[PDB]
Amino acid sequence: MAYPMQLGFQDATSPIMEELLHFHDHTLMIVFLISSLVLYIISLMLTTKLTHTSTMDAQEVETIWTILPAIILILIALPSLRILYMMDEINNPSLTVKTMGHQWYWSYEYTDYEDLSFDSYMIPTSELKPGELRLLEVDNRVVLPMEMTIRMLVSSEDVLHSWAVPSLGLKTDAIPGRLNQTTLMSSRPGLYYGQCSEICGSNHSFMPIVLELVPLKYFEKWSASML
Amino acid sequence: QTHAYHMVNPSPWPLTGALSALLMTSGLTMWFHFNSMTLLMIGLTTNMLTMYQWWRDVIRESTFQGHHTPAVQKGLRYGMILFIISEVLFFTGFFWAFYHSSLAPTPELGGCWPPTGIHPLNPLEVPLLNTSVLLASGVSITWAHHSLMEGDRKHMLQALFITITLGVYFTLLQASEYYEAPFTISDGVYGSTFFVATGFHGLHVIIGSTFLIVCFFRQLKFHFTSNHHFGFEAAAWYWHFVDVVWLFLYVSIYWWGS
Amino acid sequence: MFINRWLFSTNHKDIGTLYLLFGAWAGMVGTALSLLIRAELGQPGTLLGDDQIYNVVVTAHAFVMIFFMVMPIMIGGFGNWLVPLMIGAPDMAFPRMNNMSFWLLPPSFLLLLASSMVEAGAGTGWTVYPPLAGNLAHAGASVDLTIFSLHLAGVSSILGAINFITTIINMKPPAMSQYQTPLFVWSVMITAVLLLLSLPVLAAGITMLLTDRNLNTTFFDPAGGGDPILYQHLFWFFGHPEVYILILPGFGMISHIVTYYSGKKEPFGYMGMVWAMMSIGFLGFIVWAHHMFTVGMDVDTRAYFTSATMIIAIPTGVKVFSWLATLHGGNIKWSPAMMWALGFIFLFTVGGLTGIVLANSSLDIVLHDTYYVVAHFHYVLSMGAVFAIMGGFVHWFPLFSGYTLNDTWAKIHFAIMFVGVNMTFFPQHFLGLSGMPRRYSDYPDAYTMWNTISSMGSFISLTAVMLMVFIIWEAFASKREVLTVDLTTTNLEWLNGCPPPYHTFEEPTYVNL
Amino acid sequence: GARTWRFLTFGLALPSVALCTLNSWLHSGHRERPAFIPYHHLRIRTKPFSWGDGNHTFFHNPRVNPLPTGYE
Amino acid sequence: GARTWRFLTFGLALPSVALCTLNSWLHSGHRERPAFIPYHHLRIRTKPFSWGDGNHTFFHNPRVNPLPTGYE
Amino acid sequence: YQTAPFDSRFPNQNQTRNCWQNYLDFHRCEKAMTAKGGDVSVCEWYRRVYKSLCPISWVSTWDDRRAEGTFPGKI
Amino acid sequence: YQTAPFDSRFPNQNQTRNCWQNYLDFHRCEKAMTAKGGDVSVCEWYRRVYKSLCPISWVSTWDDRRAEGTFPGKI
Amino acid sequence: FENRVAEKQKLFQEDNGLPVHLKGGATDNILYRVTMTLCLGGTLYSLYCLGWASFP
Amino acid sequence: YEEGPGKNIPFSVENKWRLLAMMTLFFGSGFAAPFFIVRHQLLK
Ligand code: HEA
Ligand code: HEA
Ligand SMILES: CCCCC/C=C/C/C=C/C/C=C/C/C=C\CCCC(=O)O[C@H](COC(=O)CCCCCCCCCCCCCCCCC)COP(=O)(O)OCCN
Ligand SMILES: CCCCC/C=C\C/C=C/C/C=C\C/C=C\CCCC(=O)O[C@H](COC(=O)CCCCCCCCCCCCCCCCC)COP(=O)(O)OCCN
Ligand SMILES: CCCCCC/C=C\CCCCCCCCCC(=O)O[C@H](COC(=O)CCCCCCCCCCCCCCC)COP(=O)(O)OC[C@@H](O)CO
Ligand SMILES: CCCCCCCCCCO[C@@H]1O[C@H](CO)[C@@H](O[C@H]2O[C@H](CO)[C@@H](O)[C@H](O)[C@H]2O)[C@H](O)[C@H]1O
Ligand SMILES: CCCCCCCCCCO[C@@H]1O[C@H](CO)[C@@H](O[C@H]2O[C@H](CO)[C@@H](O)[C@H](O)[C@H]2O)[C@H](O)[C@H]1O
Ligand SMILES: C[C@H](CCC(=O)O)[C@H]1CC[C@H]2[C@@H]3[C@H](O)C[C@@H]4C[C@H](O)CC[C@]4(C)[C@H]3C[C@H](O)[C@]12C
Ligand code: CUA
Ligand SMILES: [O-][O-]
Ligand SMILES: [Cu+2]
Ligand SMILES: [Mg+2]
Ligand code: NA
């Protein structure tokens, strides 16, 4: 989850999120450098009483102005597209889980073996247990095996929603009549939080996502106990 | 003035037109949600009054007052071309909707096009007749144009009358096909795409036929010269646009989509 | 006389004046909406109600700022006032149709304010996606009134685009080629081409939404074989060009202001600036699905939209560097308009660069539907489009009115607005990276500090808006009449005096070959 | 010239319309309506129509257009 | 005018070619050749070719064009 | 069987047709097997894949439509 | 069973695809039934139809190509 | 029919200061008043309808 | 029509205090409207 006064991304929980952090660092350096160079050049143009107001020849300088940006875009696109295709690569999941968006809660279906499904609603502020997070806790968490490739399938039974978990690098739109696929792999046990990421009416702010990442044996016994 | 451009007399029709748009939209709202047609009928009436008086004034300014210099006519040429382009892009949205639905038919349809339970019209029956009618009208309007340029009043009138008769024939055939169709606008995305796309086209055929009828009465009244007749050129361009949209509908919805 | 002049106008200047008044009123509405947003978010918890009232405010904020403030001011106001004067034309090609473009906007605005008064409003976002915008999740008149609002604003701008393209092509002096027209005139012609092609596709899409809501069509309804994602394609096919429509006339005004207050006769690299605007206009039609990177499209499609979107940085960079090259060697006048234009160059660059971050589909997975997007677009709109409007307003107010502003007050106004917009939007980057979603009435407790600071910024911007009204009052109250304007040899719009007569160029300019 | 476009109008275009009018004429006559099946992707009703009883399409033909509950 | 068509040549057409050239030169790497299967509808020989040994196509590439009997 | 493997026919984020195809394949196979009075256990692979991929409400709606006579796919 | 009945999928003088489809259908069914170890009698309708319609030389060529691994249809 | 355009040219060029939308004579004033009355009355009715629809 | 400074506008600037009232009502009504619309929505 986010912490107070946070400036950047939540710490990476998955390898792809790790990749996105390093790609963002590279891109941000470029954004900083270009922003800085423009501000510095403005301040340089504006700090001399020397003048030259006759017609200026443009073509030589326009080579620099187009080539250097073209090279910089290529230096962004290359790692950008490497990560794009890495997330798309075939991985062989061990487990498929479905989530259905609703106004205003998530349902989960684990139907590889048994008919396991349940609803996941926000804990009201007045019912939080001491130490629990306002607007982020759910009654029924999405328990999942850690260190395993999981296929998540996302849809809706009403309006658009979007199923997001920032620390895993995940955001998949929940569209009625459509089954969208993403893959999830947590390097660590723990609790990983997200929030509905498509405007879906009165309680859009109040239908969060909580993943609970535990060893396979714990996930198996939990699954059995939830039938 | 020592330029060739038209300084237009202050006019109330922009305001009456803007207000007719408010009354038509608020009227449709009142019809869809508050079970009443009153605002809508006031808006349609004021819209027709506005169009009548505005285009009447354009005839006064041109035929009767002489404000349509070559420079003014050139501007109207560009204006009509640009208007037709905007209408092309409007239809493009409906063609996009059609191809989107038909190229990737969803499970609700049976995963096929046409959908399960949809019995398309035979494209070789009335749809082919409608194609022949609009193509024929493209030929007769070209005859009318050449007659007018050659200074032939009688043949201009006969060709333009034939063109209007074919536009009316198409409209009556389409009305009858709408009535006979075993599918409706509520028959899923097939009915949706079919009736909204062909329906907007039908509306454009009525608009174009109305424009040609306006040219017919202006011709009867000797308004057009052998060299100056922009209202006729504009109606002819609009009429070709309507023909070409039909050819795309016929190939896309009626033939390829059957 | 008053009715004939102001309700029955066929005069480009008076119609430009009507647009500027309309846009100014709209800007006060959009400002109030922005303060309600930031009041709701300025402390954790609920101030107004649940997400419905909140998103009615957010939705109306966007429509008002885009359709009733920026487009009317840039295109209807500056375009009508300046385009004919800059080409020595006696009016627009279709001076009566011009008046209907204006008078369609009050009714458009009335339908939007009706949407918000009936039922529970249209809490849809300005994108109006189904099925939330459909007849189940938004039963009743609100969304239909929004659709009709968009239809009237659509017709207004389509007829306006036909008028500008025709005027700019057909009504220049016969010796003047298109490569002898000022950059602002180019910026309006290109904007008009974008409007002509994009708005009809929006019209088709919102018409499909109207029929799904009222005539039992199923374009966007899977039960009938429809697809909610089809609406998104049609909307964004319009929506990406729309953002280029919002900035292009700002680019044109920036070129004029930088040239003028640098004491130059011409912008650096005129043909490069023409090339850049045409390139941006063209590329702006082939990138729309960068608004859809999370909907589930194929990887190769995501790769194409990433690449095509990044290409826009090249022509945009030529313009930024050409503005810097125009300043280079200038006799710089530190006018209030120059301050707006220099703020534009820097802050537009920052928002353009956060747009290049978002163009990366892989990173956009985590940034999409977060405040990072909100930060990007407010840098380019609230510090780009708005700075160009404020620069153009203070630069040309004496042409339009015949009176001067108090330059000291105008510099105060600039300083306050500069602090407020940065305090408002800079921290939203942090909220985005750290995962705060869009269209939320309330946030997890961790996001409190940056939301608090952002809301405090919004109040500083309110102070600047209030001062601006006072500054316009002070100019009309004091009546300092313009005497001499420098650089008329390269700024034709000033050469008929301040204000120019009702009829200008009755005798056209003499230009030989 | 006018002469050529008249030749095309009467020699090619109207004969085509006459032949297609014949073709349609010969293939007219009511074909037998299909068995009613209450498919959920057809006869959509999310909101009553703003005319009649709310349940009839605008150019409703009793012979060939079933209601959601079947033929009238 | 010539000025406009030159503007399109250098401002749109050649930039397009440069970008397609970049696109192509990024996917120019040799792909993995597929297993040979002696399909009867491929590697047709009804008459020997009028060059070489009669069994090689005109722009035969040993790396990617198998003979009727397989890769050389 | 853990879960449905990668299927090169359905390699993209939209998995709707994968669910649909496997549901069709199971019910076509079941009809072919019940008809000649053969064994529905040969159909088991299609059954496991559609149960893994398909939302419960989709299967539930499709089953109701097969019983009603309103299922629009060919079985 | 006397002979292959009229099939509305193949209503025209060109019956090539009728022969091909029933040949594929038979061999796809026989592979599915051998595969779970199920029973090929289930496939009998397709066997009778293709045997009725298909030239012996077509069946013999296709059989040889299946054994060679050069059959171009998907079984 | 006969060509009476010259007589309409004389009427519409008459030096009487009328705007083109009123220059045909008294019938133009009537149709103008009908149009503007329906527009302004219709607009006032649309505002009444908003007032009504703004409450449950 | 009147030409020149203060005459090419649909509002009078003859009296700066009447102008202040008119401008107050004009910009003030625009800024107020959303607060009164929210009040309206809250009171249903
Ligand atoms: C004026 C308005 C405006 C403008 C001009 C832009 C310009 C750009 N925008 Fe933006 N955008 C919006 C308004 C605008 N945008 C809005 C309103 C939304 C949200 C819509 C919604 O969901 O409501 C949005 C959303 C949006 C998204 C979707 C994000 C998401 O929802 O997840 C993306 C994705 O690529 C995008 C990218 C860009 C880019 C690449 C540009 C480029 O045109 C920027 C180019 C400029 C530069 C790059 C800077 C100058 C260049 C240089 C100094 C040269 C050197 C530079 C390099 C080498 C990089 N913007
Ligand atoms: C032009 C477009 C534009 C402008 C200027 C602004 C300006 C502001 N915007 Fe907004 N905003 C949007 C377009 C704009 N916005 C859009 C498109 C959305 C997305 C909507 C959605 O999600 O569906 C949005 C969403 C949005 C959000 C996100 C809401 C959410 O996700 O829940 C927030 C949050 O703080 C915000 C705040 C502000 C603030 C505080 C200002 C302040 O900076 C405003 C300050 C005031 C001004 C800048 C003055 C304006 C007036 C004039 C310029 C008149 C001038 C007069 C003359 C020239 C005579 N806006
Ligand atoms: C690089 C850009 C394109 C270059 C064009 C061709 C170059 C050489 C030949 C010139 C003539 C071309 C015309 C078309 C005729 C037939 C084949 C040409 C197409 C070609 O060049 O195809 C090649 C085969 O050429 C072959 O067989 C052999 C080809 C040579 C013999 C052709 C003899 C036939 C001539 C027929 C003439 C008829 C003229 C008609 C007149 C009409 C008048 C009424 C393809 O190579 P491949 O190894 O199979 O596959 C590639 C594997 N790596
Ligand atoms: C012979 C062809 C001529 C068409 C004339 C017919 C009707 C009136 C108006 C037509 C305008 C065209 C398109 C509007 C949308 C829908 C109508 C489609 C065509 C049509 O007429 O469709 C009919 C349904 O009409 C219905 O619902 C009718 C619904 C009537 C109300 C229409 C609502 C208006 C929509 C608003 C338009 C917005 C415009 C946008 C402008 C762009 C601005 C930027 C089909 O009948 P059916 O019984 O379902 O099936 C036949 C079964 N026997
Ligand atoms: C039941 C349906 C109801 C819906 C409403 C629409 C219904 C009907 C509208 C029919 C359009 C009729 C247009 C008549 C225009 C007459 C005026 C005219 O044609 O004016 C001519 C100029 O053209 C000009 O302005 C050209 C002006 C062109 C305008 C034509 C535009 C088509 C309009 C479509 C409008 C709605 C479409 C939207 C659909 C979604 C005058 O110049 P000339 O001809 O050279 O004459 C001069 C010579 O005599 C000198 O010797
Ligand atoms: C020049 C201006 C002066 C004249 C002002 C105009 C006066 C018009 C008032 C009549 O109001 C109408 O009353 C009908 C019945 O009361 C309504 O039909 C409604 O009710 C009908 C049957 O009762 C239904 O069949 C229709 O579907 C339905 O829209 C109709 O909509 C509505 O317009
Ligand atoms: C130039 C000036 C402009 C003219 C303005 C005209 C305003 C007067 C219109 C009359 O008002 C009518 O009142 C009827 C009440 O009797 C309504 O009937 C409709 O609403 C009824 C209310 O029960 C229902 O019976 C039906 O839906 C239907 O008859 C109908 O909506 C409405 O038009
Ligand atoms: C007699 C009259 C003369 C027109 C004139 O020169 O003033 C003629 C010339 C062309 C005639 C029209 C055209 O011949 C075409 C139509 C033919 C139909 O048989 C009658 C109506 C019809 C629409 C004709 C009406 C009328 O008789 C017209 C208008
Ligand atoms: Cu669910 Cu937002
Ligand atoms: O829209 O960027
Ligand atoms: Cu975009
Ligand atoms: Mg989204
Ligand atoms: Na809040």
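Looking at the method and resolution fields of the entry, one finds X-ray crystallography and 1.75 Å.

(A) A look at the overall build of chain H. Within chain H one finds 2 helices and 0 strands. In terms of overall dimensions, chain H is more spread out than a globule: its C-alpha atoms have a radius of gyration of 19 Å, far above the 10 Å expected for 56 residues. Each of the three principal axes of chain H carries a C-alpha extent, and together these read 60 × 30 × 15 Å. For chain H, with 56 residues in total, the buried portion stands at 30%.

(B) A look at the pairing of strand β7 (residues 170-174) of chain A. All names here are of chain A. With 5 of 5 residues buried, β7 lies mostly within the body of the structure. Side-chain alternation along β7 places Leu170, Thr172 and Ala174 on one buried face and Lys171 and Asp173 on a second face that is also buried. Alignment of strand β6 (residues 161-165) against β7, held across 5 bridges, turns out to be antiparallel. Following the sheet pairing, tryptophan 163 is matched in β7 by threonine 172.

(C) Geometry of the sheet that holds strand β2 (residues 105-110) of chain A. If you trace the 5 strands from one edge of the open sheet to the other, you get β3-β2-β1-β5-β8 (chain A), paired in mixed fashion. Each of the sheet's edge strands pairs with one partner strand only, and the pair in question is β3 (116-120) and β8 (180-184) of chain A. The sheet shows a mean angle of 25° between the axes of neighbouring strands, taken without regard to direction. Relative to β3 of chain A, β2 of chain A is paired through 5 bridges, and the arrangement is antiparallel. Pairing of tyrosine 110 of chain A across the sheet is with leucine 116 of chain A, part of β3 of chain A. Against the sheet, helix α2 (residues 44-53) of chain F touches β1 (95-102) and β5 (150-156) of chain A, its axis set at about 45° to β1 of chain A. Helix α3 (residues 56-68) of chain F contacts β1, β2, β3 and β5 of chain A of the sheet and is inclined by roughly 80° relative to β1 of chain A.

(D) Examining the coordination of the iron atom of ligand 1 more closely. All names here are of chain C. Inspection of the coordination sphere of the iron atom of ligand 1 shows a single protein donor, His376 (NE2), at 2.2 Å. Coordination geometry of the iron atom of ligand 1: the 6 donor atoms subtend angles of 83 to 178° at the metal centre, consistent with an arrangement described as octahedral. The distance between the iron atom of ligand 1 and the copper ion (ligand 11) is 4.9 Å. Of note, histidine 376 is situated in helix α14 (residues 371-401).

(E) Inspection of the environment of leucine 24 of chain G at higher detail. Residue and element names in this part refer to chain G. Mapped onto the fold, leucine 24 is located in helix α1 (residues 16-35). Each C-alpha atom, one on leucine 24 and one on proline 5, is 18 Å from the other, the two residues being 19 residues apart in sequence. Other than its neighbours up to four places away in sequence, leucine 24 contacts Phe71, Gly73, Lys74 and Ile75.

(F) Representation of the site of ligand 4 within the structure. Near ligand 4 lie 23 residues; those nearest to it are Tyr178 and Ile185 of chain B together with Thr57, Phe59 and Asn65 of chain D. Neighbouring residues of ligand 4 are distributed over chains B, C and D. Separating an oxygen atom of ligand 4 from a backbone N or O atom of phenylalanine 59 of chain D is a distance of 2.7 Å. With the chains in place, 82% of the 1100 Å² that ligand 4 exposes on its own is no longer accessible. With 4 residues, the single largest contributor to the shell around ligand 4 is helix α6 (residues 188-220) of chain B. Residues belonging to the shell around ligand 4 are distributed by class as follows: 15 nonpolar, 8 polar and no charged.

(G) Inspection of the coordination of the magnesium ion (ligand 12) at higher detail. Every protein donor of the magnesium ion (ligand 12) is accounted for by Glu198 of chain A (OE), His368 of chain C (NE2) and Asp369 of chain C (OD), and the metal-donor separations fall at 2.0 to 2.2 Å. Owing to a relative accessible area of 13%, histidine 368 of chain C belongs among the buried residues under this scheme.

(H) Local environment of the site of ligand 8. Close to ligand 8 lie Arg153, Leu157, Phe161, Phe216 and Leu220 of chain B together with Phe1 of chain H. Separating an oxygen atom of ligand 8 from a side-chain N or O atom of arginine 153 of chain B is a distance of 2.8 Å. Between ligand 8 and the protein, one listed contact pairs an oxygen atom with a backbone N or O atom of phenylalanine 1 of chain H at 2.7 Å. For the shell around ligand 8, the secondary structure elements donating two or more residues are α5 (153-180) and α6 of chain B. A total of 3 residues in the shell around ligand 8 trace back to one element, the largest contributor, which is α5 of chain B. Tallied by class, the residues present in the shell around ligand 8 amount to 5 nonpolar, no polar and 1 charged.

Scoring rules and cut-offs
- Residues numbered from 1 in each chain as written, not as in the entry; some residues may be left out.
- Chains lettered and ligands numbered in written order.
- Part of a larger assembly, values for the part shown.
- Heavy atoms only, no water.
- Helix = DSSP H or I, 4+ residues; strand = E, 2+ residues; numbered from the N terminus.
- Rg over C-alpha atoms; globule rule 2.2 N^0.38 Å.
- Buried < 20%, exposed > 50% of the residue type's maximum accessible area, 1.4 Å probe, protein only.
- Pairing = 2+ DSSP bridges.
- Axes fitted to C-alpha atoms, helices over the stretch in contact; angles between N-to-C directions.
- Contact = heavy atoms within 4.5 Å.
- Donors = N, O, S within 2.8 Å, 3.2 Å for Na, K, Ca; no water.
- Tetrahedral: all angles 85-135°; square planar, octahedral: opposite > 155°, others 65-115°.
- Near = heavy atom within 4 Å.
- Polar contact = N/O pair within 3.5 Å; in protein donor to acceptor, adjacent residues only side chain to side chain.
- Areas by Shrake-Rupley, 256 points an atom, 1.4 Å probe, with all protein chains shown as cover.
- Nonpolar A, V, L, I, M, F, W, Y, C, P; charged D, E, K, R; others polar.

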